[PDB]
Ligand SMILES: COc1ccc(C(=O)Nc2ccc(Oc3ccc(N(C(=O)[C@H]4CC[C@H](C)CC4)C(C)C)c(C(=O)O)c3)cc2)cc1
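Here's a solo chain for you in structure tokens, the form deposited without this ligand.
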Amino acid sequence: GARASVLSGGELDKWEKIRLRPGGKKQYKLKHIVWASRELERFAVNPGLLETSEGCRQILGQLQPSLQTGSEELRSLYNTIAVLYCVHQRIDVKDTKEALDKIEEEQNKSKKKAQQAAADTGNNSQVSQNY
């Protein structure tokens, strides 16, 4: 994967400063971005969007609701992209854990604007209990 860089000289240094795990000590590497960039192309999405914070925000917004039935490929993508998006918004995370949660807080304020469907719902969906 080498169609076009995604992170800048500055973001690159901050990208390698992001830990993959909460307790682990393994930082992030291009292998993680390059992989996603070559993945989006398979999801009918151009890798030229990852270069812009707006592109990611839009990509994640699609996988978010797909997390329910998203194969491993979807998981790795969301997690990875999540860490990248944070960088584009000049946000420094402690790990792939605090990064995923951080994106939930910044989006929470947005969901409040479109929380008309969540409430006053009238459609009993299938209920499960298998963890």
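Start at 1 with the first residue shown and count on from there.
Below: the form solved in complex with this ligand, not depicted.
Q: Just to confirm, residue 73 within 4.5 Å of this ligand in the deposited complex by heavy atoms?
A: Within the cut-off, so yes.
Q: So in the deposited complex, is this ligand close enough to residue 94 to count as touching (4.5 Å, heavy atoms)?
A: No, residue 94 is distant from the partner.
Q: Does residue 80 make contact with this ligand in the deposited complex, using a 4.5 Å heavy atom cut-off?
A: Looking in the deposited complex, residue contacts with this ligand include residue 80, since a heavy atom lies within 4.5 Å.
Q: So, residue 18 and this ligand: in the deposited complex, are they within 4.5 Å at any heavy atom pair?
A: Outside the cut-off, so no.
Q: Let me know which residues along 12-32 have a heavy atom within 4.5 Å of this ligand in the deposited complex, or say none if there are none.
A: 20, 21, 22, 28, 31, 32 sit within 4.5 Å of the partner.
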